[PDB]
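Residue numbers (the authors' numbering), protein chains in the order written: chain A, 1 to 82, 91 to 246, 250 to 279, 293 to 534, 542 to 560, 576 to 581, 682 to 1074, 1085 to 1226; chain C, 136 to 233. Virtual Cβ for every residue (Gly too), placed ideally from N, Cα, C. To start, the structure under review is shown below, and the notes come after it.
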Amino acid sequence: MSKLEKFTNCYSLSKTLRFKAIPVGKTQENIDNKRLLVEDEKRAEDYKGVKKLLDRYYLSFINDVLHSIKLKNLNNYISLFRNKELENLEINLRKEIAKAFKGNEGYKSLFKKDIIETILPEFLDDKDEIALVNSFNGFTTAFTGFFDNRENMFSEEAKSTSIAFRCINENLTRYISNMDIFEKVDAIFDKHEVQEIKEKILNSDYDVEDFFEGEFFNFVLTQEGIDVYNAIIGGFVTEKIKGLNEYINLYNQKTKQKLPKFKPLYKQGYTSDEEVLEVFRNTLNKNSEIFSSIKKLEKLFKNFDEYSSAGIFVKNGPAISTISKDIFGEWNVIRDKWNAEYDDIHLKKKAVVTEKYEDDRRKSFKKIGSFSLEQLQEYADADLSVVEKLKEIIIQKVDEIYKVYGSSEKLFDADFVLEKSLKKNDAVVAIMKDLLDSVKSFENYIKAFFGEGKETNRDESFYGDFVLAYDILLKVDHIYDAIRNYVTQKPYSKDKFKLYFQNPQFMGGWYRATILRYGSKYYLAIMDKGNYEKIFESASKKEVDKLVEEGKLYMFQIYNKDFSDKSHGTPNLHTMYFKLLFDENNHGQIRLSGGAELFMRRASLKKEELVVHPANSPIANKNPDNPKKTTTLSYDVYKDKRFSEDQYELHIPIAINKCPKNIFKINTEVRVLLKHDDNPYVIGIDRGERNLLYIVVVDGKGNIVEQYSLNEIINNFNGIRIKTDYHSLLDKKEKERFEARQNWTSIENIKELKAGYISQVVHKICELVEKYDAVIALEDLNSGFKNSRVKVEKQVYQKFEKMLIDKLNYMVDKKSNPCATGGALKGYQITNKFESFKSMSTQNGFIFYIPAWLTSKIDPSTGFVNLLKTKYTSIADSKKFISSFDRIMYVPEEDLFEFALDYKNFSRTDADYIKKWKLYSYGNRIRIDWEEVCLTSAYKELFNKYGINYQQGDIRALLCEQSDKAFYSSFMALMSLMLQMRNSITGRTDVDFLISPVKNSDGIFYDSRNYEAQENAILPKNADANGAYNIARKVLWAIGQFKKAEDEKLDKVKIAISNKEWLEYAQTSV
Amino acid sequence: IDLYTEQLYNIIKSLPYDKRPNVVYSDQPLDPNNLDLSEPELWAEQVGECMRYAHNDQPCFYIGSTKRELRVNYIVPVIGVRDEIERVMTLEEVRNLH
RNA sequence: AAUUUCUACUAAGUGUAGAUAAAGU
Ligand SMILES: [Mg+2]
Ligand SMILES: [Mg+2]
């Protein structure tokens, strides 16, 4: 009656097993004597040509349909735009565009065989490229993806890349702002002046004012319309003709007034070190478009005060935190000033600050679009001008850019020659990365001042210039990505091309392809235009080998190192799947669905580059936790031998559980089973600071069943058992990154190492789940933070959660008998399919996502948690603090100091449940540069140093009489480190204990150092065990909630445990 | 020359990876008897693997991790961590390492 | 440092342990 045993055969699943095909007999020379690998390589190289031709025809069709289109909703848009009566109308507009597209009499052909068969061989009419578009005749399937991507532009889903979104959300806004700017900036113009020459040279038929009319936007939908409009905006040679923006610049230089300039509309990998370096020299030299953008933005941001401060803006998000850090001291000052001004309106005279109130305040803030500069000036102090500080920090960033340019004069000079290859040269890559990093830091910084766009009183005099420069500056993103992806590139390559064998309908079923098998060798037989076993009518090996010798057959051997004869360990998972395709115990579980695909990868490593470990020479072993410290093999070990030859990859799809029967909802069955269960286990996983991942398995009553670090993965094999310390490997990689000139390659190596690590942790957690029938407990990554010391960051932890979901969709034990529950044929399906990184929340089958609030800095034996705010600010606040304690006395028996507080008398302490805590000065704390401090001795020292008796009792009144400014500073300092539970020496020394200042019912303070020297411990051994323990106890609370509800209201039980309920549970569970 | 680097290969091939020296790498031959620092191309990093070219059995060294693919042909051990190189070790100060 | 491929290897000597949904954009 176990839980997991009910979650087999739930739903269907699909995978592609990749193998390697080895030509058998004289198949390779029968292929080279028919040249069946040049037609297909030629087709793979002409794919890009036909892609460009199809793009050209698509562009023609787009510019055709965007002429026969006139909207009826645009005048209403312009009339109502210059907050909810407009979005319906604009989606109506985008729907109108998309209907104009999908309503043409030729849209049917755009993504089917007709556009390669009939249309494009006519639209082109060039005997050179009609050859291309006729070569792919019958091979329409080779475009299946391309079309499915080249239609998301003809749609209206308003994603950043679509024609409707471009024309409406990004173009019409600029057109309307241009209408405003033309109505405002006029009469510095004349027909005698440059207006008539503008008209004659660029339009020649109708007036120029017509392009600032409202319903004349249905002319700039076509790229040539955008071109003529942007021409009359900026200036278009036919005789260099000046445009309106430089006529404005000519006016603003005649007399001094910052008059707004128009905004132009939008328009709807490298392969050699020399190409990379010349692209760098071209785009980023000291006279490029980008350096000119930087100079323009410098002159703008240094002329930053002659623009009306009420008009500038700053977007709301990370930009606000960074701006406060750079201006108002540190991270949260703007947020707390806004919170003060929000309490002064939405908070009564009471101290009733509730988590619902705090959450609604946070939501109202996070929904604020952007902050003006006058607002951010009101939040400031006396004699602090926010625009001066912004100007000085931006000018500092620009001067730092110029300095980095001054460190790199040589990569721009024509004399420069490359000594080494780019991937092996790291002085020049250091130069390139430093330049790109400085410029992109500037780009990401000034990205803030584009404050949400949709707002009324934008100072267009500033934003004209700003967007003119920034829309040229943001090409550094693509340049950076291209150069980086070129440098962090493996010396081999995995570029392949599918082989068809003169047959469009090839291998698409079980076609001219079959999977034979003989003994323990599985073969892929492809007919062209002893005894085996067909997949079961037999054959004769003699006559099939005769066919192979003739040429009527192309027998490949499916092979990976588990089909080898020298392989003795456990096979791969997909090898077991394949071998099971043809088994008897396999009824319909893993079946052969779809058609295979025979690719072909050419040799990427030149045999002059192959590097080898010479035979009969002792090789050093890289694993420090290995007993055997060398290895001597009787043969050679080539590095990357697989990429030094041509290889016929073979992709075989399989459909697991094609005909499921135990169909139901997984979440509700999990809830029912956790309810009806009397002792459900829970695996809490947590990201530690000294441990990559930390596991704590807790039974149904809060008792720790197991707790251990996942730093080192332990591989069992042949009965032997060898461990690998991934924390040490990661520390080595981080040290290497610290040593290297540039860290583009080091970062990719670290990322891929972490991906491999989580691929090991996946198996660890699965074998933990199928041992206890447990339920996983994971941090909810949407809400929360890990303070930058946590090794596994959020990206790789998201990848870990995704990998765990994707594994638990079909959990398999490789060692188990296949037909047995948990084996490859009957794996557990205890999780739903992955959907998105945002829907990973609040449940997924056996996985519960839990907020990580108050999990590591909480006493695990009493539930205590430091909800105070013990930071020194002034004499008055500290005096009120000291006077808010119920009692502060020196207990002489224990030689301690009792601070009997009561969280009711303190602000923002509503979550607490046992509101009356009594916390002492027990133990020693490590402050931070670190220093150990014995607390009672520090208190006695401070008291005596400031002239204070303490044997009296209740020395609060004796203590709030000190007139000194530094007494309260020292006092609140060591009062802050007394409530510090998680103590850890910064310099990596593994001392991460966790002491608590309150004593439990039995009268002993929890100290992790009393449990780290133990196996079979009842309380967490360190701070990370505490984190995992609490993340598990939250799911235990949710299980109790399930037990409280009925068997129909289970589906509605909310399990996002709130701080109030969590502290109540943690403080009464004991 | 080649003999110094052949001896260096035979020595460094046997040390455990955590003991390997810090070296200055390049692809044209490096002459420790004459190698002078202060050149803005000498960066002291730590040797990784030590393998042989398959076509002519010339020793090559992977600086840092093998997965980093910074394979060089000529190294020289130094007492240094960064662009701040102190001095050049000898063919016996590298044997003293383990 | 060998791989369908990735990660860590050498793991008892042409491999070991885990993971692996490919194609297309
Ligand atoms: Mg194996
Ligand atoms: Mg490797």
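Three or more Cβ pairs closer than 8 Å define a contact, and the segment 473–487 of chain A meets that threshold against the segment 265–274 of chain A. For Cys-912 (chain A), the enclosing alpha helix (DSSP H) begins and ends at 891–918. Judged by their CB atoms, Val-500 (chain A) and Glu-467 (chain A) are nearer to each other than the 9 Å cut-off.
When rounded, the separation of the alpha-carbon atoms in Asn-577 (chain A) and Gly-550 (chain A) is 9 Å.
The beta-carbon of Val-158 (chain C) is placed no less than 9 Å from the nearest beta-carbon of chain A. Linking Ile-1211 (chain A) to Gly-1196 (chain A) through their CA atoms gives a straight-line distance of about 10 Å. Contact with chain C is found for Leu-756 (chain A), since one of that chain's Cβ atoms lies less than 9 Å from the residue's Cβ. Any Cβ of chain A closer than 9 Å to the Cβ of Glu-180 (chain C) would place that residue at the interface, and such an atom is present. It is roughly 28 Å from the alpha-carbon of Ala-239 (chain A) to the alpha-carbon of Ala-106 (chain A).
The continuous stretches of beta strand (DSSP E) do not include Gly-153 (chain A), which lies in the alpha helix (DSSP H) extending over residues 152–158. Shown here for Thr-512 (chain A): same chain residues with a beta carbon closer than 7 Å to its own, the five before and five after excluded, namely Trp-890, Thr-891 and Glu-894 in chain order. Distance from the Cα of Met-558 (chain A) is smallest, within the candidate group A:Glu-579, A:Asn-527, A:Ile-581 and A:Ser-686, for A:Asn-527. Counting C-beta atoms within 10 angstroms of its own C-beta, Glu-164 (chain A) has 16 or more neighbours from the protein chains shown and is therefore classed as buried. Bounds of the alpha helix (DSSP H) holding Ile-358 (chain A) are 358–370. In the structure shown, the three-state DSSP call for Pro-129 (chain A) is helix. Beta bridge pairing from DSSP links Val-1089 (chain A) with A:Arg-1071.
One thing to note: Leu-796 (chain A) has its Cβ within 9 Å of the Cβ of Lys-20 (chain A). Cβ contact annotation for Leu-150 (chain C) (same chain, cutoff 7 Å, sequence separation greater than five): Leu-232 and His-233, in chain order. Cβ neighbours of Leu-726 (chain A) within its own chain (closer than 7 Å, five residues either side excluded): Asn-732, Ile-736, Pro-964, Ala-970 and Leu-971.
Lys-881 (chain A) counts as exposed, since fewer than 16 other beta carbons sit within 10 angstroms of its beta carbon.
The beta carbon of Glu-882 (chain A) falls within 9 Å of a beta carbon belonging to chain C, placing the residue at that interface. Note: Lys-1064 (chain A) is bridge-paired with A:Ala-1046 in the DSSP secondary-structure output.
Relative to the non-hydrogen atoms of ligand 2, the Cβ of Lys-202 (chain C) comes within a distance shorter than 8 Å of at least one.
Contacts with chain C (Cβ-Cβ distance below 7 Å) from the segment 770–793 of chain A involve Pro-770, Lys-775, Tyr-784 and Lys-785, listed in chain order. The alpha helix (DSSP H) runs lying completely inside the segment 780–867 of chain A and spanning 4 residues or more are 812–821, given in chain order.
Scanning C:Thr-225, C:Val-159 and C:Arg-187 for the CA closest to the CA of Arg-217 (chain C) turns up C:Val-159. As DSSP reads the structure, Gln-142 (chain C) sits in no beta bridge.
Scanning chain C for C-beta atoms nearer than 8 Å to the C-beta of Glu-885 (chain A) yields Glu-180, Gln-181, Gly-199, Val-216 and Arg-217, reported in chain order. For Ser-432 (chain A), the nearest beta carbon of chain C is not closer than 9 Å to its own beta carbon. The Cβ of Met-224 (chain C) sits no closer than 9 Å to any Cβ of chain A. Distances from the CA of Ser-143 (chain A) to each of A:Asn-1139, A:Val-50 and A:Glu-95 were compared; the closest alpha carbon is that of A:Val-50. When DSSP states are grouped into helix, strand and coil, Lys-444 (chain A) belongs to the coil group.
Chain-order list of chain A residues neighbouring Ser-173 (chain C): empty, with the shortest C-beta distance near 15 Å, by a criterion of under 8 Å.
Neighbours of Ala-901 (chain A) in chain C, taken as residues at a C-beta separation under 8 Å, are lacking, since the least C-beta distance is about 13 Å. The residue from A:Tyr-77, A:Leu-36 and A:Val-1209 with its alpha-carbon nearest to that of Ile-99 (chain A) is A:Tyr-77.
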